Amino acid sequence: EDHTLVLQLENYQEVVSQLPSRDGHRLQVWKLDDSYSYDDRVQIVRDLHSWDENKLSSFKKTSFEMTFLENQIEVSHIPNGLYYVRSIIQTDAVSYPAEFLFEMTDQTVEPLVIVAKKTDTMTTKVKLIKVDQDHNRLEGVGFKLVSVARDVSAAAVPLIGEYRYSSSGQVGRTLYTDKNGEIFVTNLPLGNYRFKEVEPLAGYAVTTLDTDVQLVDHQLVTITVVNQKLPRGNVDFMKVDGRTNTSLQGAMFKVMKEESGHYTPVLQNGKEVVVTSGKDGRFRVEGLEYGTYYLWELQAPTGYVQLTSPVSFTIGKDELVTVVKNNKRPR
């Protein structure tokens, strides 16, 4: 009449981590009548599998206190009997369904140890495939996943591991393509989702920021997102006095792109790109993807006025050296 049952679970540490409280849980059981034998456990468990209250109506429904210890659960103060379990844990965050029988007799060595197999394992599944325009797979591209309600990005989706929904998971994560270009997410609730390409790989331009996906059942949904690999080019500059066309040393610029109304620094060789007109007026930007850029003037040549706006330039397939003119400060 005072037995303890020890339950070991799949992915035990992580499941526990997802529990609000390790304390106050109960194990729901049915205590079987004497027409049932533990010798018949395979067939019993099969015969009770398809839920029907008419299969259970003769049994005594009860429950026992559980505790989640470090690597296993203990279930406390269990009388002698033959007991059926359908669920070990069932919460808003975590479900651990499990169908088995256990038997306590006066001969039972304490504790009884059962390694419980998780049941009800089908899950939603979505696979994102990231490619370039020739369908090479792209590794290391970052996405965030958001759910969608009536077209709006309703929430950042919580996740654990790599990558599985959990309603008590972390909402702040960027998901990154693997060596096969793939992101794989399981157990998302049914519904409408959007993968947002928040972190493109340099050299590959975003075609569509958002890629929508709808999970209506448990069948794999695969979506393919296409990036534009951009060629690279160079530009030679020469800083001169605009009246005399003689070269000027010491004009400093930061190279920038524009994004959403502000200038942001171009990064190359592990830093922001700064260029300085040389003894001959010359400077240069090399490599650097096709697109539109700006020379943001940090410092004018001695004796010269600051340019009134940054110098725009476009790198593209289409002068041998681009001349940048400076006006001598009258004063």
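So that there is no doubt, residue numbering starts at 1 and follows the sequence shown.
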Practice task
Determine, for stretches 293-301 and 33-41, which one has the higher mean CA B-factor as deposited.
Solution key: 33-41
Problem - Stretch with the higher entry mean CA B-factor, where the candidates are 164-172 and 248-256 - result: 164-172
Practice task
Using the entry's values, work out which of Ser95, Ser147, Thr177, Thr211 has the largest Cα B factor.
Solution key: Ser95
Completion exercise
From the entry's CA B-factor values, the highest among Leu27, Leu288, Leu56, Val275 is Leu288
Handout entry: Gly281, C-alpha B-factor rank within chain (lowest, middle or highest third)
Key = lowest
Handout entry: Third assignment of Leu267 from its chain's C-alpha B-factors
Key = highest
Practice task
Give the position of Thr314 by CA B-factor within its chain, expressed as the lowest, middle or highest third.
Solution key: middle
Fill in the blank from the handout: Sorting the chain's modelled residues by C-alpha B-factor and splitting them into thirds places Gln72 in the middle
Practice task
Just say lowest, middle or highest third for the CA B-factor of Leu9 relative to the other modelled residues in its chain.
Solution key: lowest
